[PDB]
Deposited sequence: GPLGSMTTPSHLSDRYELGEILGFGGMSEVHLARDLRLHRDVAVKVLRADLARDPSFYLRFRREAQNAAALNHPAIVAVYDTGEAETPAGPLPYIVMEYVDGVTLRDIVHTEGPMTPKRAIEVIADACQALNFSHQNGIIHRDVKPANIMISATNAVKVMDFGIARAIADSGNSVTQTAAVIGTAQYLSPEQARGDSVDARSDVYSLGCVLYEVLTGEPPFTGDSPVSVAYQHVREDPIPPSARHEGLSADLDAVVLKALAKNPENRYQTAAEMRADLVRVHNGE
């Protein structure tokens, strides 16, 4: 992790990190603008099993051009003493995730949660229309900028044409085929959690959470948290239907129903 990548992007403070990658705030010295740079860890940057996933993340994200989807600007490899260092240059979102918001400020107001999630539906529907399934819809992958613009990010496991158990769908868990309606389900879990302050199913173990996704129906949000209408309950519970046929068939359908509740 040198000071500059290709004598172009001067890395700044770290914004976040996971098991395989990290994300820095950086400065594009040619264009004189702030960008975010996602870097593949050198600790295990040799394994082509990762190298392909990282390159494929950059391509899937770059295939999408949408205001609610973090934009990819560039990509390459930085020459380092340890070897080649892959990196993705992308739009910098000066904001916080829904995970941070719920953890520090508790559930959102119904009016706001509907607007944020309705914007996320648009991003996902656009992705689905272009043949890319996110697979990792969760509160940590949706951002709200200082502009209050919603930004979906982290395509790291997106499929063209696993995630956290509390947000997996009955089909995404257990390896079955996943389609747009699987992202809808995950988005329903996100909506459930920004409204009530907790996801629909918690458990001491992953198999405990997975089992509930398949067999147990969710507690209606209005029962978990006050100030929640019965019309919002229906939207959330339809997104959390067990059978894909009963869910919203597209993220756009889910958004249309959220607008009805708002208005």
item: Deposited-sequence stretches lacking C-alpha coordinates, listed in sequence order; value: 1-7, 169-181, 284-285
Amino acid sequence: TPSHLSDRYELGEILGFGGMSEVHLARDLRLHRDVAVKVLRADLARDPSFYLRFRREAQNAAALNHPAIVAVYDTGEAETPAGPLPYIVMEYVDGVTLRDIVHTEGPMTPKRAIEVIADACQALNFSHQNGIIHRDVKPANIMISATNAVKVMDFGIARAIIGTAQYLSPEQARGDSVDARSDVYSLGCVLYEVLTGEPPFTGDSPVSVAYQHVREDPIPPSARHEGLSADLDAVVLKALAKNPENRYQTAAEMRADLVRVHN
From here on, numbers count along this sequence of modelled residues.
property: 62-70 versus 38-46 - greater average Cα B-factor per the deposited record; result: 38-46
property: Mean temperature factor over C-alpha atoms, higher-scoring stretch between 141-149 and 76-84; result: 76-84
property: Residue 244 - Cα temperature factor, lowest/middle/highest third of chain; result: middle
property: Chain-wide C-alpha B factor ranking for residue 258, given as lowest, middle or highest third; result: middle
property: Lowest, middle or highest third - CA B-factor, residue 168; result: middle
property: Residue 178, C-alpha B-factor rank within chain (lowest, middle or highest third); result: highest
property: Chain thirds of CA B-factor: placement of residue 128; result: lowest
